[PDB]
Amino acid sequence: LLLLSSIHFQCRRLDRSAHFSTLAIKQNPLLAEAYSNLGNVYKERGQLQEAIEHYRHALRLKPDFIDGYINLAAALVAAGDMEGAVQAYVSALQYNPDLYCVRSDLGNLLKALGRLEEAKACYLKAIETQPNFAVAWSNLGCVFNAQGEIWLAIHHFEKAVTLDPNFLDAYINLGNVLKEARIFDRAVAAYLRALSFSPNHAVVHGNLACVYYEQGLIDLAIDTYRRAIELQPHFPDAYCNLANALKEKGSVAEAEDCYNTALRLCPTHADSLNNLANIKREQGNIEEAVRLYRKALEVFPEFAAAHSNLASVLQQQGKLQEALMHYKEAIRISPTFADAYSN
């Protein structure tokens, strides 16, 4: 009568599973597992408060019921009771501290709540329990990464993929940290391994294209940016990034087309406004350059480059005092501009 509740649940025949669990409580209001089997039905229906109450009842009857604490934590996370779920996981680990998957889920919750040092401890203990548990190595990487510790982030992602060579998310995390560290040939390798498992991943294509650009492989960047657009076409940053690579190559006409595409999508795209103004400036259409830098500054008043570039075009027009104001505000915002000017 509880095995039949639990059998129907494995088949997701939830009406029949709830019927069989409700009968086991008409025939014994003290069996812990039947209130849990009922909670599991409510859980799959998205009736979370009902699931929680049934879980809590099962636990008031059998406080050593590990699965009650696990299922309860799930339901409290889904319902936004974050620290309740922390406590449910903590009790489960009191009763079986060898539950390394639980301990990693507990770590993930601790991470989400900004308690990076406790999360770290969870992951480390999970690893001490089960040293080959690649997820925990990867999660710990992500803690190190959020703490600015790039080397330790890399270390833990590489351990993650050595343990599990099919671990897509660990390759992506590894590529992203290598990209931040400017270790570009290793980043490329990690992105290309990710693409081996997920060939159409739009965000990885975007990051890989950026790594190629940082390397000075402009043609390869451009090809990768084009594919990134195909994969995710109606957002302006991907067009502005393509255009920046086109401009670097000297394909000015197509760069201008791409900037204009981004600006139909997003008329206040400040990078596109500035970078298109730069094409205008370089071609000698000073009036249109001025117009666009000024639009960029309306979107982003503290855009140092746009101030600098504006100042340059005003200086050419002989508007020397207005130029000077913008030179000075570029330096106020980003002082290294003064070292660029002097050079």
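Just count from 1 along the sequence shown to find any residue number.
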What stretch has the higher average Cα B-factor here, 169 to 177 or 152 to 160? 152 to 160
Going by the B-factors listed in the PDB entry, is the mean over the C-alpha atoms higher for 257 to 265 or for 120 to 128? 120 to 128
Scanning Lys319, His326, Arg12, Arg332 for peak Cα temperature factor in the entry gives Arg12
Can you pull the Cα B-factors for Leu217, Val86, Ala134, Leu273 from the entry and say which is highest? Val86
Ranking every modelled residue in this chain by its Cα temperature factor as given in the entry, which third contains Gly250? middle
State the tercile, meaning the lowest, middle or highest third, of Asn241 with respect to the CA B-factors recorded for its chain. lowest
Lowest, middle or highest third: where is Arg103 by Cα B-factor in its chain? middle
Where does the C-alpha B-factor of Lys280 rank in its chain, lowest, middle or highest third? middle
Compare the C-alpha B factor of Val290 with those of the other modelled residues in its chain, then answer lowest, middle or highest third. middle
